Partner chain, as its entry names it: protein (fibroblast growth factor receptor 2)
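One chain comes next, on its own, written as structure tokens: the form deposited without its partner chain.
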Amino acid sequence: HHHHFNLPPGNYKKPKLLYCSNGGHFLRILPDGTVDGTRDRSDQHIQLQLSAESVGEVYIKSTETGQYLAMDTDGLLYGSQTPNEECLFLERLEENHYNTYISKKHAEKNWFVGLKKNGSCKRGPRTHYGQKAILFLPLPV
């Protein structure tokens, strides 16, 4: 493995919001496949359903649109209509509290899901362990 195996304590029974501490945005997957963040808790595209493919490996799906979160070969997040290898993330505990999501496809590169303070997503190569951008908290919908 390229990464530790500390797992968060939550579960996949309910959908969640993924809140990023960095700028205080919720991860959003828009109908046209765009991925960004918003602080609007009333947005209909921030409700996400996580599911485990293997222990610690997840899909992250928009409940409104059905799209899967995915990271492409240049490190950009996008919404995928179908599950593919780019849609699997290694979900881990971080700093004894937060959830992080590493691209499984790009795990050797340490490419994370992350949000900037201005609510734009991070590109994979601009992410790294230690950043605030990569830290999420799952919140009830």
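Here, rigid core means the biggest group of C-alpha atoms that superpose within 1.5 Å across both forms. Only residues modelled in both forms are compared. Numbering follows the first chain given and starts at 1.
In what follows, reference is made to the form solved in complex with its partner chain, a form of this protein that is not presented.
* Do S54 and its partner chain come within 4.5 Å of each other in the bound PDB entry, heavy atoms counted? -> Output for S54 is yes: heavy atoms within 4.5 Å of its partner chain.
* How about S103: is it within 4.5 Å of its partner chain in the bound PDB entry, going by heavy atoms? -> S103: no, not in contact with its partner chain in the bound PDB entry.
* To do: Considering only heavy atoms, tell me if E85 and its partner chain come within 4.5 Å of each other in the bound PDB entry.
  => No, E85 stays farther than 4.5 Å from its partner chain in the bound PDB entry.
* **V113, heavy atom within 4.5 angstroms of its partner chain in the bound PDB entry** => So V113 does not count as contacting its partner chain.
* Asked: Even though the chain is shown alone, can you say which residues of 86 to 119 have a heavy atom within 4.5 Å of its partner chain in the bound PDB entry?
  -> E91, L93, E94, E95, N96, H97, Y98, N99, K117, in sequence order.
* Superposing on the rigid core, where do three or more consecutive Cα atoms all move 2 Å or more between the shown form and the other one? -> Shifted segments: 10 to 12, 94 to 96.
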